[PDB]
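A single chain, nothing else alongside it, follows as structure tokens in the form deposited in one PDB entry.
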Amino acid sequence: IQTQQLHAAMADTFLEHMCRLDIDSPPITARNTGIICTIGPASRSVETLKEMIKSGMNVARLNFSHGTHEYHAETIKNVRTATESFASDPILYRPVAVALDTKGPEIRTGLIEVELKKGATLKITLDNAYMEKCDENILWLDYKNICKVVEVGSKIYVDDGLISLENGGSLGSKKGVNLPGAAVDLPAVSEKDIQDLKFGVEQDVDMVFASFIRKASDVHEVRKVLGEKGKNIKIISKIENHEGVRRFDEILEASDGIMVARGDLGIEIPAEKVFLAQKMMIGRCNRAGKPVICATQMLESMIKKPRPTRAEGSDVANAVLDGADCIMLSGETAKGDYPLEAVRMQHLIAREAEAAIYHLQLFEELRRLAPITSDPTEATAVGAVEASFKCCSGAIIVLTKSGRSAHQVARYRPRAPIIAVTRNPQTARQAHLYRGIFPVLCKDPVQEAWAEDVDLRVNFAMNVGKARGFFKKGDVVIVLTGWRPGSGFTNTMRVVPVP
């Protein structure tokens, strides 16, 4: 047992790399995959959120499919209270990002659970009269132009795909309806969505998970609503249907990142094909260097049990091996009985899978597919990661203001952690979207001599790395800086020993 699966990292083939995986080779830590947890009744309290952060929650997700604005406002206030409870020591302080998940073009049912028999008959009524008198033969939908977008012989899936219209069971109240095959004329940004996004920018959110993004214009519509006041809010496009998968290329280019929303995608396309769409979207985002999130049902059984299933354990690890920048928890942290155990489990799995990555092939294929550029920062990023592998550096220290220089380093997936020193608090929170970036917010005021002010932030990362066990005095690290203040000038790579 060497460490960090380094015996397997030196295998000439991927098959031999698999054979040399050792359960007794413990991970030289620094977890390089971000953990996003949806907040709900089980995790809304300040004391709970403090434990979630200590257990490894890097992004708090707000699902605007439910709850009011004042409800989500207290959640945000609770998240910032729990996060700022560690701000007394900036060396150990961990930024925590806030994410708004839009409701999007949803389709619900009416009120009163009944019992749907297989082969029975139910008259789907887009009639506001029976909006509360739903039985076993008269179901109501809130979709305008449902009769136009549907064709005879097609299928309809109510309550997260449980009932099929066919295979149906106990139909509840106000359950979601999925209409695969697509034709949904519902707007990309609804009236509720517009007010939610305007609420998000008012609340200084860090990122937006846009639901049911079908085409590239949907992301432009979302970015237009965020306006100039929220122009720095990263837009993560959720791919949840067939149209989003086919139009993924134009969606990826218009978006800041992608979430593989496997829950709705598992209903819109055959569930046996979800792994295809996941490994495809993760590969293309890794190719383009944009964040990708694997979400939904990763540790589903932990909603009721303190330990996950074997399938759930492998799913989290395989999402990391796929190359996902972040993993997500929904009901496991929003409503389950073991939110802290779900967060801790994803942290332990991610750390093991990060060591089991075949870096030798990944780094070669990432450069082989990346184009030649004239951006000096991009060339500095490859040279830094190449140097980091060459000397087994304890970290790559990147001074960045917008996060860009750190993102360009993370695109090439170094094994060493990326310590991104920034004075921009939003940049530090947003850095969690990119694999391997450990953001550190330096609150020290700006010095007069610019060379000394850069030396300050470098030494800040040194103490942070020594305090968190990333390296020790005398170790080699890679330091990325630029030639003048302001963003966009990162061009200097140094190999320096830590003091």
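Heads up: residue numbers just count along the shown sequence, starting at 1.
Looking at the other PDB entries for this protein, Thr102 is present in the model in all of those that include the residues around it, rather than absent from a third. Per the records, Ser164 is among the residues left out by at least a third of the other compared entries, whereas the shown structure includes it. Per the record, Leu165 and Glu166 are separated by 10 or more deposited residues that are missing from the model.
The stretch of deposited sequence separating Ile112 from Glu113 contains 4 to 9 residues lacking coordinates in this entry.
Comparing the deposited coordinates for 153-161 and 400-408, the stretch with the larger average C-alpha B-factor is 153-161.
Taking the PDB entry as given, 134-142 carries the higher mean Cα B factor of the two stretches 195-203 and 134-142. The PDB entry assigns the greatest CA B-factor among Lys279, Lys390, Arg351, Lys174 to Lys174. When the Cα B-factors of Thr81, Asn286, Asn128, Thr380 are read from the PDB record, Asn128 comes out highest. For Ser487, the recorded CA temperature factor ranks within the middle third of the chain's modelled residues. Compared with the other modelled residues of the chain, the Cα B-factor recorded for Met10 ranks in the highest third.
Among the modelled residues of its chain, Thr33 has a C-alpha B-factor that falls in the lowest third according to the deposited record.
Remark: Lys77 belongs to the lowest third of its chain, ranked by C-alpha B-factor as recorded. When the modelled residues of the chain are ordered by C-alpha B-factor, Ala449 sits in the highest third.
Below: the form deposited in another entry, not depicted.
Treating the chain as two rigid bodies that shift between the shown form and the other one, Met302 and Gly230 fall into the same rigid part, each C-alpha being assigned to the part whose superposition fits it better.
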